[PDB]
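Participant: Structure in structure tokens, see below.
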Amino acid sequence: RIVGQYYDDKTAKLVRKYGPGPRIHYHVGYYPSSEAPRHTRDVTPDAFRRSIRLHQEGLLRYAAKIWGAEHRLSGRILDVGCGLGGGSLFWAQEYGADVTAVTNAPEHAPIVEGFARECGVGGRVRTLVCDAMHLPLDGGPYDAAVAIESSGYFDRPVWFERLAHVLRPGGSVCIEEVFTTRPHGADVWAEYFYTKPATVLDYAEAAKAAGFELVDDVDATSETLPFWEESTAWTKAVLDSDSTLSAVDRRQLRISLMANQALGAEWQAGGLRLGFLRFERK
Amino acid sequence: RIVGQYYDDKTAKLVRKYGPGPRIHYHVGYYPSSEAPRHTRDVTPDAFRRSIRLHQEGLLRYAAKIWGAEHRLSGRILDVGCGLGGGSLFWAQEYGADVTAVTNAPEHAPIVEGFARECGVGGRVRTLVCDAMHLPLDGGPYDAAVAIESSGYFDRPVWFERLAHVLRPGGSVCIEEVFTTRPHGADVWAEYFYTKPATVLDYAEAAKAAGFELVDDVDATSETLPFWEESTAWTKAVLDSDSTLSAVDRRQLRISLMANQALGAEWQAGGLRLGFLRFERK
Amino acid sequence: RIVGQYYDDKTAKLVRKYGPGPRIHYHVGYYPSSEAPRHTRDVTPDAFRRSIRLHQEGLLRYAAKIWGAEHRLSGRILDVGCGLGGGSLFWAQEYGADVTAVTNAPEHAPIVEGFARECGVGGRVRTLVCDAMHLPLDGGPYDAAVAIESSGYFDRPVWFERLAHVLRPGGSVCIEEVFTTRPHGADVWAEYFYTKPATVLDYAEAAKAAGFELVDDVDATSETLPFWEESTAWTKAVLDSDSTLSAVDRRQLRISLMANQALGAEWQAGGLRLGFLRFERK
Amino acid sequence: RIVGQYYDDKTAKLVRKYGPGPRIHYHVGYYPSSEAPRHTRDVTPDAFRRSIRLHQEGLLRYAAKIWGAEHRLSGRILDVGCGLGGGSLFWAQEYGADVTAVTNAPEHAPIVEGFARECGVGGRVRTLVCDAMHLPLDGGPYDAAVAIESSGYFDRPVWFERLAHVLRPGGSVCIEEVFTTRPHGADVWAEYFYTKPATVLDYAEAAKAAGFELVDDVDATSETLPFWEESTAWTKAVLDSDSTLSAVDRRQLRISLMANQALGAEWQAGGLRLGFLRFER
Amino acid sequence: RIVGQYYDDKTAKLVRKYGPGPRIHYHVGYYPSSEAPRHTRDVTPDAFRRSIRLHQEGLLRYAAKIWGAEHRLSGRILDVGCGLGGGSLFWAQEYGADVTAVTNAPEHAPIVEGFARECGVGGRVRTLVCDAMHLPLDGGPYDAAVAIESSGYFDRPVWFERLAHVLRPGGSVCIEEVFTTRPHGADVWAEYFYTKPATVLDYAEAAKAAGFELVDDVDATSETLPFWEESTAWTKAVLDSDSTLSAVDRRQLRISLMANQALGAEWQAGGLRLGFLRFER
Amino acid sequence: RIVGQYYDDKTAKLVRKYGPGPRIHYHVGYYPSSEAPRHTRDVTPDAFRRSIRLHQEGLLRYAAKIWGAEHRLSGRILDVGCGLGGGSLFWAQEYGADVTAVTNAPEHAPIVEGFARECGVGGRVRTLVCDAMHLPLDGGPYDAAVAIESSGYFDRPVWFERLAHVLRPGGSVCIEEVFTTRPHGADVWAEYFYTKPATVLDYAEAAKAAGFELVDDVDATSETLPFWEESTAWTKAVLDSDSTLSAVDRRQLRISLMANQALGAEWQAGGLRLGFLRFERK
Ligand SMILES: Nc1ncnc2c1ncn2[C@@H]1O[C@H](CSCC[C@H](N)C(=O)O)[C@@H](O)[C@H]1O
Ligand SMILES: Nc1ncnc2c1ncn2[C@@H]1O[C@H](CSCC[C@H](N)C(=O)O)[C@@H](O)[C@H]1O
Ligand SMILES: Nc1ncnc2c1ncn2[C@@H]1O[C@H](CSCC[C@H](N)C(=O)O)[C@@H](O)[C@H]1O
Ligand SMILES: Nc1ncnc2c1ncn2[C@@H]1O[C@H](CSCC[C@H](N)C(=O)O)[C@@H](O)[C@H]1O
Ligand SMILES: Nc1ncnc2c1ncn2[C@@H]1O[C@H](CSCC[C@H](N)C(=O)O)[C@@H](O)[C@H]1O
Ligand SMILES: Nc1ncnc2c1ncn2[C@@H]1O[C@H](CSCC[C@H](N)C(=O)O)[C@@H](O)[C@H]1O
């Protein structure tokens, strides 16, 4: 949709906040203690940035553990909604996977190829720019598909049909996602990020219809709540310190801070769930 | 029922361990800090008994909070799988509910009424020896059903259907239960307690087919883990201190001790969720 | 006897787990390398059953070696606490002994004679339902008594006195047993098996007061530890593979699994010795 | 200075609260689960003092764990700001260390010595009534120096210079202290106890300039916050229980309660950090 | 030399014993409990080959554990004396490494390449038909070099010199080998397999003179002694089972049995050590 | 007896073999794996010496663990049969004990005071030269007594009476010792070292008579067997390498080697037991 233009235009802010390096993640970070680190020695934007980065990697490491990526994500896999390729390179390098990276933000694909060349995995990571519900996917059967915080953009009934045609029997669909637990329980997240979160039931119903079984359903809501404290704290540090900010840039950072507070309030209100689902194709 | 007789044989040990009347609870306790109490001066059996009982009440006090017991559990309710009446009297005394307590252990029904009479609520607490998913009940339409750690013995598709007919529109089904998060994630729990734990997804599927919306899905695994520490230390204390135990009782307590360690381990292993659900009748 | 009835109720599970006749053993197996067998290709229940049985025979073959069974256990012997006859037939068949097998489980006496008859040794193996430390036995003086993992149920001061009268000068008492090495070092063993383990010192004191010299005190704790690995893996295999198990049997097997881990832990903790003793009558 | 006299004056009000032991401790307690014990039906002053003393002892056990006192704190050590000798005796008895206990409260020195004898380690524990930033180096090189809640009273640069000359190479300097995490973050603590708390960076800079390497930094703010609830409860239990309290001591106790209430609020406000540090020479 | 031709000749007798996989291994097996599996009622040649292949694979899993192949063996590495490529493929597949596989048996090079494709790592595994002590350094610096049972064929000083120029600083050199523990301790092994086994000290001296630091030394003699019992059993199972064996191959098999019997006796005589070593540049 | 003159005269050989340093032990070493280390890089006498020394320290560390020396051996204790003070300094320094070191070899006491001064524990370690069964012991009640491989020289009935007068109630007697398990089962050890080993029963009988209870009985026979391989190997290395040996010194080393082989053969023949006993005064 317009979401590809919305993801295009914030390329600059993502590299500012979640860069640099070759692996830039754009998803919430995982704090296995449900507590944000205390930042004392160093309260500059770069301190929160590196802490956000490290715990965003912690999210991937945690997922590969509970999903047993050693055998389930080491083969030929789809990285649906790849962002800037942080996840894509993570599977390619940590588990040797051959990755097809999918995005509807064209500005992003060349960045992912750059970063893959960079780490030397350009022969095992490929991008393609299309909608993930209409994608023609040459590349034979894939052993798995991973969606880190992108399935909220998808039509789930139709998306799971798509994956049923391109995933071999017994292949996995691994989803990290914001879900509702009550109705409207993720509205702040939904309206601000142009997503349409549903319940875990909705995902399971749509996946069952296309021939997938739910084999794992993990609640990481409490372990990802600290991400909003760090995300907020970073935004405050930039506003507080950098005096080269134009009035326009300063207002976007302000709007980002205002949103991070309302998102963090929602996260703990009990109406949403940060989940890790894994489906197996029947 | 084999398990109905299993519950009858438990009464004496249930009464000794979960303390005297009038409210005797047979569920896990709720430790809001996810820390076990440090019993530093007094490590007697009665000291762990009291702490276990205090937090078993806390479970109910907590559940009353998240479920809005003041309007949702203050009317004509079903208390399904009622144990020795602890939850029955709680709802009847703390929220004025008219409680119909259901159980398949005949030995327990007179116990509960003898305790309801003692508390001056004998006219608003009656029992029904019963299979939860079978009887007609001519108690007119019901405002709510509560099931605290009993629904694991039930055929959830059939049980929700029963409830659909006896519950009024918008009436609630409130569940505290051990669910699986992946297949086999509660095998110790299942085989030791004759229980058939299922995933929260299955509960939602079964309740939907019967006409119920899931409107709340709270986690409390880490807040109930300290209960296994406390229950293990009670059993250790009794084995260490009580020298008037028959070899038969001592063996049961040694067995209970082994079970409590396996259960506490399983609580931590990730395959298991202690959650609170609330459904609403369409 | 409460424990006599406990042994009667065990027969079916004893027969299933410790393999079919004619020699059915109910003691720990003896692994001379203190290593458990690596079952690399076949991890079926029957594969662990066979290995357990092979090493249960090895226990007897080992004990025959260290005890000089050729001259010491080839005559008129008592086999006290005889189980299902495994040891009885071993001594009768491998060393030509005339065996009087003693037990307090009435269900087991016909089992043993049906197996002695099948092996053509029915005239040199008779049973005696009995308390070990009570009956008169008019089997004339005896050359030896053997007690393989049964003496833990006995009053050792009284039991050695009985034996002193029915044994001839220089006759041997051969014991394999779980002893304590410090108080409480075998509490799991004791409470789960209704047993009263004592230190080797107590056995020596009791046997001295009755007229017996201790002439051999062998350790075999580390050589019998692998048995708990094997017994645990058998139980795991049955739970994993056998889908026709009643909830009752499944629960017993889940309980046995928990017990086997606690026992294997206790075997390693230092409070416990699996030893072989030989006494000689003065 | 006036501080050494300030410690002299509160000797009796401090043996009442934290005594009698032979080990009296004057530092916060360590609650490993980060919550105070629920106190049963005994809510008397002695019930709370016993709990306070318990977790005070636990703080030293925990410091001894993370510092590996087995090797690092079992030799010839300085106990810098020994209070009433509770920490000094601890190292002497639990780790077979020889301890030189430094204080600027001359009244406390006899009390530490008397208690060293009654424990039978008087031949392993001597006192030094002096300023910590002017330590007699006659007495040979020391293995380590430990400062439990005393270093907020020190000129850190100067103190670490003194330590650089009395401590062998590789010697450890083990510190438990209230640090700041931001400016004015420990002002209630500072202005009430006459300390100058500084950040962890300040401490590492001063240690560096004297040849010391920061090798360990543990945050124990959460685990010591309940001390203020037990310390507040004890005070309330005293005002509530004994009606044979003079108006003057009843007002001193009251002021301590208001202080404990202000101190515990600042402990959770974010601006402060109860930390454990170790430097190597 | 004559060795490279000696490896060429035994290609068929070695695919028979240790194939077919796509991973064929030519090193002893690792039996972590130090005893061979009791073989049931299936005592056929394939039953033993499967067991031999199992613990051969386990040796590489165990080496990967103690070497931490996650970081050290997951980059651009040399597989020095790659045999039929079983170890090469292992590092490519299990640790996402890029592998240059060196051998002096030219017949083995196609077999390693063919198997690299069939596993889909042919773009991560190239071969080098050359002498290990004359390695082409064009091909950029390597992260590590691994030598599973090949270094007994090497001039260690010269080989480590070559390694010092092709390996980045901090690069690892991971060796599994038969070492001597005393003079003549591996003579059966040496004279049968055309090797010159040396002690661990010899290896560390030669590595040092080329700038390498010995950082790990594990003794696995006990855990690899059962390989000779399984290897002997397999041979017996073949002589016993198939009566359509030519006299010539029946005599070659017989000689291998006498060899395995002499080799396993020397493995327990004390004079030899199956070891795992790691050097850092 | 003459044993003090026998212990005097081998002062030279003990320092040669088990020195130097301040802690020289003269007891068997403890190898927790029951396997002697493989010595390959370095097979000189000094390699075996240091390995013997290290595992002799391992014996003390193991004993303080199973005896909980932190509270049981940190007080005022008797080190009966102190040798050259290795054990004495170990308790004084590792657990802060105040040690009275007893010996009948006067040449040895000044060596122990030297080594105590040396380590700075001269104020907490004192020697006295007398027979351990007639010793006047001023020094109030002692909290414990330790005997590492010396009680074989003592009259056990009489020695335990002595300890009953000087040990406070609840104090420990900690014995490491060679014991017989069969008669004559330690004859090689006994005749060569002028000891009179008895059974564990004999020790318990004598200790019970003077008011002690046996609370711990550990079998370390298998863990100390490797000591004879190292002790032999050292003796061979000295004979093999050192060419400055006189014919007399070379014959004593030969005689020592011949004895170490016969002692090592006895150790595994099953007739002796290397034990760690702990008695508590009633
Ligand atoms: N309809 C659609 N089809 C394909 N990709 C879409 C899409 N809508 C949104 N996306 C992509 O989904 C991603 C959401 S955030 C990126 C997630 C990334 N895997 C990470 O965690 O690092 C963006 O890359 C966005 O471009
Ligand atoms: N099939 C069935 N039908 C109705 N009740 C059942 C049942 N199977 C088990 N139960 C009941 O469910 C309860 C299990 S635990 C007791 C729960 C109680 N609400 C408490 O927390 O104190 C017992 O009352 C048991 O008798
Ligand atoms: N009081 C008693 N008198 C006689 N036998 C007893 C007894 N108590 C228990 N036993 C027996 O002791 C045995 C325990 S285990 C079975 C042991 C058997 N020798 C074997 O190893 O196969 C059982 O036969 C049990 O019936
Ligand atoms: N300038 C100074 N020189 C030496 N000691 C000082 C000092 N200023 C304060 N102190 C001492 O440092 C201690 C602070 S509080 C006491 C801490 C003690 N280790 C305990 O935990 O119990 C007091 O003994 C105080 O007298
Ligand atoms: N001089 C030399 N240069 C390079 N490779 C050599 C060599 N001499 C022997 N080799 C090779 O080293 C290997 C020895 S055995 C094969 C080892 C292999 N890593 C495996 O475990 O399967 C053979 O491939 C042999 O051809
Ligand atoms: N009758 C006796 N009275 C006191 N000591 C004796 C004795 N007979 C032998 N000893 C002493 O007992 C010791 C035996 S060996 C020394 C053991 C020492 N604790 C160690 O393990 O390091 C010698 O010191 C010897 O002199």
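Going through the structure tokens in order, the chains are called A, B, and so on, while each chain numbers its residues from 1 and the ligands are numbered from 1 in the order shown.
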Return the neighbours of chain E among the residues of chain A, cut-off 10 Å, counting only C-alpha atoms, as number ranges by chain.
Facilitator: A: 70-71, 74, 92-97, 123
Participant: Counting only C-alpha atoms and all ligand atoms, name the residues that have an atom within 8 Å of an atom of ligand 5; the answer should be given as a ChimeraX atom specification.
Facilitator: /E:1,3-4,7-8,24-28,79-88,102-105,108,129-133,147-151,153-154
Participant: What's the 12 Å shell around range 152-160 of chain B, counting only C-alpha atoms, without same-chain residues fewer than 6 positions away, as a count of residues only?
Facilitator: 55
Participant: Can you list, as a CSV table (one decimal) with N, CA, C and O atoms, in the first residue's frame, every protein, DNA or RNA residue that comes within 12 Å of residue 222 in chain A when you count only C-alpha atoms, leaving out same-chain residues fewer than 4 positions away?
Facilitator:
chain,number,residue,atom,x,y,z
A,28,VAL,N,11.1,-4.7,18.3
A,28,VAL,CA,11.3,-4.4,19.7
A,28,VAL,C,12.4,-5.3,20.3
A,28,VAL,O,12.7,-6.4,19.7
A,29,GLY,N,13.1,-4.8,21.3
A,29,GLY,CA,14.1,-5.6,21.9
A,29,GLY,C,13.6,-6.5,23.0
A,29,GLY,O,12.6,-6.2,23.6
A,30,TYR,N,14.4,-7.5,23.2
A,30,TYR,CA,14.0,-8.6,24.2
A,30,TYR,C,15.0,-8.4,25.4
A,30,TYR,O,16.2,-8.5,25.3
A,31,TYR,N,14.3,-8.2,26.6
A,31,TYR,CA,15.0,-8.1,27.9
A,31,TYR,C,14.6,-9.2,28.8
A,31,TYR,O,13.6,-9.1,29.6
A,32,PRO,N,15.4,-10.3,28.9
A,32,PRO,CA,15.0,-11.5,29.5
A,32,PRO,C,14.6,-11.4,31.0
A,32,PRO,O,14.0,-12.3,31.6
A,33,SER,N,15.0,-10.3,31.6
A,33,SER,CA,14.6,-10.0,33.0
A,33,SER,C,13.4,-9.1,33.2
A,33,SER,O,13.0,-8.9,34.3
A,34,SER,N,12.8,-8.6,32.1
A,34,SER,CA,11.7,-7.7,32.2
A,34,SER,C,12.0,-6.4,32.9
A,34,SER,O,11.1,-5.8,33.5
A,35,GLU,N,13.3,-6.1,32.8
A,35,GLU,CA,13.8,-4.8,33.4
A,35,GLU,C,14.7,-4.2,32.4
A,35,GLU,O,15.6,-4.8,31.9
A,36,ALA,N,14.5,-2.9,32.2
A,36,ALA,CA,15.5,-2.1,31.4
A,36,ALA,C,16.8,-1.9,32.1
A,36,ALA,O,16.8,-1.7,33.4
A,218,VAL,N,4.3,-18.5,22.5
A,218,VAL,CA,5.0,-17.9,23.6
A,218,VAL,C,4.6,-16.5,23.8
A,218,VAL,O,4.4,-15.7,22.9
A,226,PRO,N,10.5,-3.4,28.4
A,226,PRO,CA,11.6,-2.4,28.7
A,226,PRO,C,12.1,-1.7,27.4
A,226,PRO,O,12.6,-0.6,27.5
A,227,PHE,N,11.8,-2.3,26.2
A,227,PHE,CA,12.2,-1.6,25.0
A,227,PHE,C,11.6,-0.2,24.9
A,227,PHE,O,12.2,0.7,24.3
A,228,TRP,N,10.4,0.0,25.4
A,228,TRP,CA,9.8,1.3,25.3
A,228,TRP,C,10.5,2.3,26.2
A,228,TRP,O,10.6,3.5,25.8
A,264,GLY,N,4.1,2.6,25.1
A,264,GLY,CA,4.5,1.9,26.3
A,264,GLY,C,3.4,1.8,27.3
A,264,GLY,O,3.4,0.8,28.1
A,267,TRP,N,1.3,-1.1,26.0
A,267,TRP,CA,2.0,-2.4,26.2
A,267,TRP,C,1.7,-3.1,27.5
A,267,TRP,O,1.6,-4.3,27.5
A,268,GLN,N,1.5,-2.3,28.6
A,268,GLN,CA,1.3,-2.8,29.9
A,268,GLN,C,-0.2,-2.8,30.3
A,268,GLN,O,-0.5,-3.2,31.4
A,269,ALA,N,-1.1,-2.2,29.5
A,269,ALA,CA,-2.5,-2.1,29.8
A,269,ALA,C,-3.2,-3.5,29.9
A,269,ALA,O,-4.3,-3.5,30.3
A,270,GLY,N,-2.5,-4.5,29.4
A,270,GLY,CA,-3.1,-5.8,29.3
A,270,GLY,C,-3.9,-6.2,28.1
A,270,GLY,O,-4.4,-7.3,27.9
A,272,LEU,N,-2.7,-6.0,24.8
A,272,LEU,CA,-1.9,-6.6,23.7
A,272,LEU,C,-0.9,-7.6,24.2
A,272,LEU,O,-0.6,-7.6,25.4
A,273,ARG,N,-0.3,-8.3,23.3
A,273,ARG,CA,0.5,-9.4,23.6
A,273,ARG,C,1.6,-9.4,22.6
A,273,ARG,O,1.4,-9.3,21.4
A,274,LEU,N,2.9,-9.5,23.0
A,274,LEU,CA,4.0,-9.7,22.1
A,274,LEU,C,4.3,-11.2,22.1
A,274,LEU,O,4.7,-11.8,23.1
A,275,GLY,N,4.0,-11.8,20.9
A,275,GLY,CA,4.0,-13.2,20.8
A,275,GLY,C,5.0,-13.7,19.8
A,275,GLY,O,5.4,-13.0,18.9
B,218,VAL,N,-4.4,-13.2,30.5
B,218,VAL,CA,-3.4,-12.7,31.4
B,218,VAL,C,-2.4,-13.8,31.7
B,218,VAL,O,-2.8,-15.0,32.0
B,219,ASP,N,-1.1,-13.5,31.8
B,219,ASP,CA,-0.1,-14.5,32.3
B,219,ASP,C,0.1,-14.3,33.7
B,219,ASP,O,0.1,-13.2,34.3
B,220,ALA,N,0.4,-15.5,34.4
B,220,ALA,CA,0.8,-15.5,35.8
B,220,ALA,C,1.7,-16.6,36.1
B,220,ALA,O,1.8,-17.1,37.3
B,221,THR,N,2.5,-17.1,35.1
B,221,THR,CA,3.4,-18.2,35.4
B,221,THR,C,4.5,-17.8,36.4
B,221,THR,O,4.7,-18.5,37.4
B,222,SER,N,5.2,-16.7,36.2
B,222,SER,CA,6.3,-16.3,37.1
B,222,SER,C,5.8,-15.9,38.4
B,222,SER,O,6.5,-16.0,39.4
Participant: Go through range 16-93 of chain B and collect every residue that DSSP, computed from the backbone, puts in alpha helix (DSSP H); the answer should be as a PyMOL selection string.
Facilitator: chain B and resi 16-17+45-67+69-72+86-93
Participant: Within 6 Å of chain F, which residues of chain C are there when counting only C-alpha atoms? Please give them as a list in words.
Facilitator: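 My answer is residues 181, 182, 215, 216 and 217 of chain C.
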Participant: From range 74-131 of chain E, collect each residue whose DSSP state is strand (DSSP E) and return the set as a list in words.
Facilitator: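 DSSP-assigned strand (DSSP E) residues in range 74-131 of chain E: residues 76, 77, 78, 79, 80, 98, 99, 100, 101, 102, 103, 125, 126, 127, 128 and 129 of chain E.
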Participant: If you count only C-alpha atoms, which residues fall within 7 Å of range 10-20 of chain C, apart from same-chain ones fewer than 5 positions away, as an mmCIF file with N, CA, C and O atoms, in the first residue's frame?
Facilitator:
data_model
loop_
_atom_site.group_PDB
_atom_site.id
_atom_site.type_symbol
_atom_site.label_atom_id
_atom_site.label_comp_id
_atom_site.auth_asym_id
_atom_site.auth_seq_id
_atom_site.Cartn_x
_atom_site.Cartn_y
_atom_site.Cartn_z
ATOM 1 N N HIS C 25 14.301 -60.713 37.744
ATOM 2 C CA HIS C 25 15.110 -60.096 38.776
ATOM 3 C C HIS C 25 14.508 -58.762 39.193
ATOM 4 O O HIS C 25 13.989 -58.021 38.355
ATOM 5 N N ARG C 49 14.863 -52.718 28.349
ATOM 6 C CA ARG C 49 14.498 -53.883 29.146
ATOM 7 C C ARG C 49 15.576 -54.949 29.078
ATOM 8 O O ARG C 49 16.060 -55.424 30.108
ATOM 9 N N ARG C 53 17.936 -56.315 32.031
ATOM 10 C CA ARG C 53 17.959 -57.720 32.440
ATOM 11 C C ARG C 53 19.367 -58.290 32.353
ATOM 12 O O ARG C 53 19.800 -59.017 33.254
#
Participant: Which residue gives the smallest distance to ligand 2 among B:115, B:90, B:234, B:48, with only C-alpha atoms and all ligand atoms counted?
Facilitator: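 Result for the nearest residue to ligand 2: B:90.
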